[PDB]
Amino acid sequence: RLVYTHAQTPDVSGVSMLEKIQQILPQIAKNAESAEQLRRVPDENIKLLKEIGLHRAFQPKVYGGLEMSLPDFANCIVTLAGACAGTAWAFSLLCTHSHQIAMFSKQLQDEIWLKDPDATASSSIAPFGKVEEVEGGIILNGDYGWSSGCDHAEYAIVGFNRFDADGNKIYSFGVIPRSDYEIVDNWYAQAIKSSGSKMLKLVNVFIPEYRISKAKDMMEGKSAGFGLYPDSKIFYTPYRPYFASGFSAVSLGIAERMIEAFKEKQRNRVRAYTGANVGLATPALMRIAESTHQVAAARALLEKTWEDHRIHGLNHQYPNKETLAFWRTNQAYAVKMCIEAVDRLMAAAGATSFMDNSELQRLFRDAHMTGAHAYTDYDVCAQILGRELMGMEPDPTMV
Amino acid sequence: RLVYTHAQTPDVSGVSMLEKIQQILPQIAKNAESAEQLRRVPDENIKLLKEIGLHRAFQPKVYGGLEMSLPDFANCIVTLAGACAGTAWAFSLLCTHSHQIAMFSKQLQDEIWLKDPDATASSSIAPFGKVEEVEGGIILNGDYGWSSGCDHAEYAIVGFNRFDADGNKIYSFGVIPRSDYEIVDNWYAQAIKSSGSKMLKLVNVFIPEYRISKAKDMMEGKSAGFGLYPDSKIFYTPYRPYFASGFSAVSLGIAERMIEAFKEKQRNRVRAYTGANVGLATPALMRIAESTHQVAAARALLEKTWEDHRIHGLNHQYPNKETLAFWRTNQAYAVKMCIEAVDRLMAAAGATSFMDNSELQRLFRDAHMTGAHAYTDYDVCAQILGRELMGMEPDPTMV
Amino acid sequence: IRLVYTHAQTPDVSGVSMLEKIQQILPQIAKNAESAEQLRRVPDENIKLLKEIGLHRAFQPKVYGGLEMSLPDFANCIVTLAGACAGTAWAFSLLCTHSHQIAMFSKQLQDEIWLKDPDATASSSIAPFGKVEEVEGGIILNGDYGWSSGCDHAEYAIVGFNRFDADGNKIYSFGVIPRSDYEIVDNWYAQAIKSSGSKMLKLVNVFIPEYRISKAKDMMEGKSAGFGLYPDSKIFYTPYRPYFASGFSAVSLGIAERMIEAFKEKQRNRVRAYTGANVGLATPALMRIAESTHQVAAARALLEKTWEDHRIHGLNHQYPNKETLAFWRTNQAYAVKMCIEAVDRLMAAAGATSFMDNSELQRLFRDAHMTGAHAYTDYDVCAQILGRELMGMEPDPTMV
Amino acid sequence: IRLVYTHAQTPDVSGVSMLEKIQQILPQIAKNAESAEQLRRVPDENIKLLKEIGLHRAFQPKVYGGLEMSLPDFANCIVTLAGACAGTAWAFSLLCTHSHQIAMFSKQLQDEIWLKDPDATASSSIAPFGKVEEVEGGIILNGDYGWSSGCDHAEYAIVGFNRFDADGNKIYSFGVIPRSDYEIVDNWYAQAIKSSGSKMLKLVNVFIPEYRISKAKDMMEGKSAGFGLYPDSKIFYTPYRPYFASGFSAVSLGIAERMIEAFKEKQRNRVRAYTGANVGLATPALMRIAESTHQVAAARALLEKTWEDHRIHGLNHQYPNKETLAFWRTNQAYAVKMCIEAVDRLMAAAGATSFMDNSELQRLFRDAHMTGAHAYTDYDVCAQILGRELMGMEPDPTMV
Ligand SMILES: Cc1cc2nc3c(=O)[nH]c(=O)nc-3n(C[C@H](O)[C@H](O)[C@H](O)COP(=O)(O)O)c2cc1C
Ligand SMILES: Cc1cc2nc3c(=O)[nH]c(=O)nc-3n(C[C@H](O)[C@H](O)[C@H](O)COP(=O)(O)O)c2cc1C
Ligand SMILES: Cc1cc2nc3c(=O)[nH]c(=O)nc-3n(C[C@H](O)[C@H](O)[C@H](O)COP(=O)(O)O)c2cc1C
Ligand SMILES: Cc1cc2nc3c(=O)[nH]c(=O)nc-3n(C[C@H](O)[C@H](O)[C@H](O)COP(=O)(O)O)c2cc1C
């Protein structure tokens, strides 16, 4: 029998990553409050999650990785997000970054992992950096904002633009060691506080050519690492859908938790002004129902989208324009529904739900934060998909 | 690779029912306009659909039936609805009625089908009839509204209440031959005109005990036909989810077609006033995108819900309270989203789209009609699901 | 003097207000509604009743025997009227608001139309499809001119077209032409507002003299041939467009307030077909009636405020600035949008019986949606218009 | 005299309207907003500025030196104020509206409060949690009384509780008590409207004499001990509740209008972080700015019309009937809902940077949502209130 309201446990001989997550969820949940005030992932959380080996979800097998299918991984993040959004978000990123690193030169991966198999990377992909072409590579300078989990990373992946002959943009990534940059703690946010999305500062950082890949190359299986893992079900696939797979996941995790948390607080709710017993009043019930439907519908769409990714990966098959448009955008619609579903409940939650000591207020905030990311902006997404459906050239103004 | 915007063709060897539908879809589509003025399904359409054997979708195998899985059938109705909603709707009902007949006595099924293997039944399940208990059965009298396809049926299934010693409602159905009732043609509607939902008139109709089953019995596998088909993947299952499976189906069919129809008419559109080519303007695109997303999300939820029906059927497993609530209501949420998606497009359609000679106007009407059936009313559904989620006793005021 | 949230308040005038006069004839209009739908135009009775109370002279200059009603007072008669037959209200509103435009043409033209017959009115078709040849003394116009509400009951038609400069740039103009110069082609088969008789005008080598031709821009800025003719008037020193298009939102509002009333009446006694239960007062129904009431009351407030602004401007002989003009162009579109939300919220709890031919809701629902399909009520266009203005951007010549 | 859609119109009444006086001090209020949020109450400066212009005497009777402002004029001050610091506006609104209620108590009580100190104000906690013993001459009340906006700046508190009939039915009453009779407990750690200082009052064996106790029903129907005291006043012959709860929607509107302005400012120069192109004027953004503008203008129209209704009623010393009362109870709830939709439509295009502590939007978004979480602004309850009334049903004693 299927389950509509949450992740179904892959019954497998040998216990699943998702069960392993489920056992440690109470601890995560209890640190949630002190994680918010810490403005990063508490050391305990990292240690627990790494202990179950989650961070090696997308690490190639040759280095001791699991190579989880997207669905299985997504669902761990969703489940995780239910307990601490910021943790789930940050940790998702640390994880999905290995899937990218896996497309770089064999030499780079060897450098990172043969040395330390538990090493991970945070990122800052927005190309703010000023780049000088020296011989052998580049020198990069810049302030690189928004690096979730950067405190717990040994490397960072960093985005920038290079130019060819007709000084055209060549969008590239560089992997750099933790010693090459300072973490500046300017992370004072109002949602997903626990993700530690501090900013990386880069001063005359040299990056050799072998730690630099073209984005386009990693979208189309032409990067230096292509063909390295001929048996893998997850590497013969565009880098971006994976890396960005966390946002919607976290968002959905929040939504499903909101429903549960709202239901718990709803049962016993009294009317301040009259004293009457009001937890089972029809309006409340209808909201719980509709939000349940809405996130169930969102989970269906994400589940179907993830299956699509998995199937493609299995078959070592790069998607076409249309499927690519859908993979870029369905997640944004999912995120959008999930927020509608959180809002519908928060709106019936009453004043007490906005107190610091109430969980709803944090879920509500975090939920909204998931729709503020560049990759989840639905205005941009509607235009992307739309243009594709009418068979129009893409707008280079968005991506 | 998965498909977001429509039914995926089950790549069997040989001809799937769905391909067979797809080949006849142009003809159905061309009769659509004269079907609307006919106020019932044109004889051609019935003949074409019966020829491909679709009406035997849920007929037991022993009488020459196919015993299609719910998903496979649902998807034929969705596809069909894209060409003529009223046809798809009416015909869906004529089909899903066999699934119910199949739970009646062996004697009844023998009576209907050994005699004529192509016979089908229309229905009127709202218990308006006055019922006298005579010995050996009942005499029923009543005007029975809303019998989709009743012009093309050889039997009608007809709902009524019988009473205990306690004098409590026992909701029952009776199958009655076409000779036992007059079709009154009072079907003047403003949507799904082609369904021929005329009203059955019953005057002192006698119904023998063997043509009468309790609804509750068919919900719980206790009706006279339980056990008859020990190998069947579709009869060990409550009757209602199958019978009502066509509404959301039709509704989805209509939505997917709107998006196609809108896109076609959109390309070349000029502003009436300023005379400007305007088919590719950003707002239109964004509506095409989001309606696309919306119905895709609906399709995902229905596809997931149907899988759940299929799985249960396979395992001869009757669902529990919770899954039952979800099966009762997810369809209603799907219908709701589908109508939102139609409305979002009809609203950018401009005045020309409301002309009799435009398809959009019919799709828009028919789409709305699908949310007006008793089983798809979302207000009632949210209350049903809601009460279940909070662990409340059901409200006998709705069902 | 308590305010009223759910409908037009009756102006205590001297003598009998136009709105009371409408209110007395509303039953008759309402009883013809069903046969008007099958007639595909306004029934002769309705025209005769409405003209008898003098409504068609709502915007006719006083010198010819007109009333010169303020926008709010007129709008509110349409809203009320629309409650009984949307198509009648819509058609008739147009026949009415056309005089306000005629009043900006040459004194000679007005004299021609009204000194001859004071009850004469005009239908229109303003979308510039016509092919236009510049002959000397005026133009020859040819074209099929769609969508002329009330055109069966009109003696003239106002017709839109483009002329060109030296430099070949569009000069959007209107011409008033007699009923004898065109054929009404009956291609009006619609699924909403059937009774408006929006048939299409056919024009074959119609000659139009220069004096029956005004520039749209001139009528927007008080520069047309009729500017200054009525120095005491509270309604002519004002751009033509806001008035002419004032009817759409009005009708749309009329339909919404009526839906609420109609839904309430049918709701009381409603049963579930399935359970047998008397279900008219169930909390979900109540909440929908409430929220639809709030939503249309909120639309009414925005329209009433917008109308006041038109009135105030007209009083002061003051042409609005860019910002107010943007608001006048678009507030009505938002109102129309809310009204349709309000109708939908109710039709969605209406059940299957409400979609029958013999039910009023089905008509109101259809009509309500038709009011948001007009080119002037399209909200996507309006959001862009108002948006550009608020950010201080040049207007998009792509829409208007 | 041209109307304004996007904000309060300045009442031209020459000399300085209260609203102008507000507008001059708004920059200061705005600059303290950030440190007010961390203070979790209204900064002493803000109180001092606002009291200096005399705003707190908005509803104080004239005999004590009050202004007796009309509801519209006051409401609009709160709206304007809320644009700069919601929590200030909210708290101060309450301190203000409480005088309107005090004005219905015995002449002796008002004399006690104001003849002594004419600047004295009261905070409240109206939810009847208190346990109440009937002693002779009055009551002894005990309880923890949550949510007392501005309670740090008040000299008295108004406190709600239930007493009982012969056959012991709830008699809902209010008691005014001096600041010495209760402790302020600082448990106010919220995530919205932080600056309102809505701390909780603790009451230990507080004695309340009969003359500082009024029945709520009496103050709803002009039967309280202070009825008739100000025979010339335009604002006291009116149920107490619509005035006291007038601030919430007002604040909520204030925040919305400010969101639009704030969003517009930040939108202009917004690049993509991803591609590299002036993204501030993209069509989606424009349309959201447009539609939110329309939505809050429509909300403003409904509140403005509702306020006028209160004003007209007050003028005429006329207590409203069931229907208008249902509307006054609920329109504000709809207004608040629209305002939050409008805020959300913008916050959703605002991008990640808008959720930083150093961004104003994030605070506006939070505060905006908080206004819809009060017991009087809950729309579910409101739809059921209005709905039942419209269908002519007895009220549900389960909500109020
Ligand atoms: C109910 C209906 C009646 C109309 N009546 C008139 C009319 O009498 N005169 C006129 O110029 N346009 C009329 N219009 C047409 C519009 O002005 C405009 O040309 C049309 O809405 C263009 O929309 P489109 O993009 O669907 O073609 C009417 C439109 C509809 C909605
Ligand atoms: C398009 C249309 C077709 C219908 N066809 C049938 C049918 O054939 N058999 C049936 O028992 N009920 C049919 N129903 C009626 C519903 O089962 C139910 O009686 C009706 O929705 C009651 O809704 P109401 O509250 O408006 O009466 C149909 C309803 C509509 C929407
Ligand atoms: C921002 C905030 C401030 C409030 N300030 C007051 C106040 O000063 N006086 C008062 O009686 N109630 C105040 N209320 C509390 C409400 O009157 C009511 O008791 C509370 O909203 C009950 O809602 P609940 O169901 O969440 O408990 C306030 C509520 C919130 C939203
Ligand atoms: C919660 C939060 C965490 C983020 N974490 C990262 C990250 O770790 N790496 C990264 O490259 N971008 C991250 N982003 C930033 C986005 O990729 C992007 O630069 C940002 O959303 C731009 O949006 P804006 O238009 O508001 O500037 C994050 C954004 C938010 C919503």
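- Structure determination for the deposited model, as stated in its record, used X-ray crystallography, and the stated resolution is 2.80 Å.

**Things to note about the site of ligand 3**
And then number 1: Ligand 3 sits among 19 residues. The nearest are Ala351 of chain A together with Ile126, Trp147, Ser149 and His374 of chain D.
And then number 2: Surrounding ligand 3 is a set of residues that belongs to chains A and D.
And then number 3: Within the backbone of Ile126 of chain D, an N or O atom sits 3.1 Å from an oxygen atom of ligand 3.
And then number 4: Measuring from an oxygen atom of ligand 3, one finds a backbone N or O atom of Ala375 of chain D at 3.2 Å.
And then number 5: About the coverage of ligand 3: the protein hides 93% of its 630 Å² of free accessible area.
And then number 6: Counting only elements with at least two residues in the shell around ligand 3, the list comes to α4 (86–102), β1 (122–125) and β3 (138–148) of chain D.
And then number 7: Residues belonging to the shell around ligand 3 are distributed by class as follows: ten nonpolar, eight polar and one charged.

**Some thoughts on the packing of aromatic side chains**
And then number 1: Following the criterion strictly, the structure yields 58 aromatic pairs over all chains and no others.
And then number 2: Centre to centre, the rings of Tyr333 of chain A and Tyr378 of chain A are 5.7 Å apart; their planes meet at 55 degrees, and the pair counts as tilted. On the criterion of sequence distance, the pair formed by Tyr333 of chain A in helix α10 (residues 321–346) and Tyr378 of chain A in helix α12 (residues 378–389) is long-range, its members being 45 residues apart. Like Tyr333 of chain A, the residue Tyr378 of chain A is buried in the burial classification.
And then number 3: Between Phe227 of chain D and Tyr237 of chain D the ring centres are 5.1 Å apart and the planes differ by 50 degrees, which places this aromatic pair in the tilted class. Taken together, the residues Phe227 of chain D in the loop between α6 (216–220) and α7 (240–244) and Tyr237 of chain D in the loop between α6 and α7 connect sequence positions ten residues apart.
And then number 4: For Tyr237 of chain D, a relative accessible area of 13% corresponds to the buried category.

**What about the interface of chain A and chain B?**
And then number 1: Counting residues at the interface gives 50 residues for chain A, matched by 49 residues for chain B.
And then number 2: Buried surface at the junction of chain A and chain B, summed over both partners, amounts to about 4600 Å²; 69% is from carbon and sulfur atoms.
And then number 3: When residues of chain A are sorted by the area they lose upon contact with chain B, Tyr4, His293 and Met390 of chain A head the list and together hold 19% of the total.
And then number 4: The interface formed by chain A and chain B holds four salt bridges in total.
And then number 5: The salt bridge partner of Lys336 of chain A is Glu290 of chain B, with a shortest N-O separation of 3.8 Å.

**Some words on the interface of chain B and chain C**
And then number 1: Taken together, the contact pairs 44 residues of chain B with 44 residues of chain C.
And then number 2: Summing both sides of the interface, chain B and chain C together bury roughly 3900 Å²; the carbon and sulfur share of this comes to 60%.
And then number 3: Contact with chain C buries surface across chain B, with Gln190, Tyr273 and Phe354 of chain B losing the most and accounting together for 20% of the total.
And then number 4: Across the contact surface, chain B and chain C share two salt bridges.
And then number 5: Put simply, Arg287 of chain B and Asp380 of chain C hold a salt bridge, and the shortest N to O gap is 2.6 Å.
And then number 6: Linking chain B to chain C there are 17 residue pairs in polar contact.
And then number 7: Considering each element in turn, the side of chain B that touches chain C owes the most residues, five residues, to helix α11 (residues 359–370) of chain B.

**Regarding the domain arrangement of chain C**
Residue and element names in this part refer to chain C.
And then number 1: Looking at the assigned domains, one finds that chain C contains domain 1 (1–120), domain 2 (121–215) and domain 3 (216–400).
And then number 2: Between domain 1 and domain 3, the C-alpha centre-to-centre distance is 18 Å.
And then number 3: Residue-level contacts link 40 residues of domain 1 with 42 residues of domain 3.
And then number 4: Both sides of the domain 1 and domain 3 interface together cover about 3300 Å² of buried area, and 68% of this is carbon and sulfur.
And then number 5: On the domain 1 side of the contact with domain 3, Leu71, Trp90 and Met104 bury the most area, a combined 22% of that side's loss.
And then number 6: Counting across the domain 1 and domain 3 interface gives one salt bridge.
And then number 7: Across the pair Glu37 and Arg366 runs a salt bridge, and its minimum N-O distance is 2.8 Å.
And then number 8: Joining domain 1 to domain 3, the criterion identifies nine residue pairs in polar contact.
And then number 9: Going through the elements one at a time, α1 (18–39), α3 (71–82), α4 (86–102) and α5 (107–115) are the ones with two or more residues in the side of domain 1 that touches domain 3.

What counts and what doesn't
Residues numbered from 1 in each chain as written, not as in the entry; some residues may be left out. Chains lettered and ligands numbered in written order. Heavy atoms only, no water. Near = heavy atom within 4 Å. Polar contact = N/O pair within 3.5 Å; in protein donor to acceptor, adjacent residues only side chain to side chain. Areas by Shrake-Rupley, 256 points an atom, 1.4 Å probe, with all protein chains shown as cover. Helix = DSSP H or I, 4+ residues; strand = E, 2+ residues; numbered from the N terminus. Nonpolar A, V, L, I, M, F, W, Y, C, P; charged D, E, K, R; others polar. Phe/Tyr/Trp six-rings, centres within 6.5 Å; stacked < 30°, edge-to-face > 60°. Buried < 20%, exposed > 50% of the residue type's maximum accessible area, 1.4 Å probe, protein only. Contact = heavy atoms within 4.5 Å. Buried area = accessible area lost by both parts, 1.4 Å probe. Salt bridge = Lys/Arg side-chain N within 4 Å of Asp/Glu carboxyl O. Domains from an automatic or database assignment.

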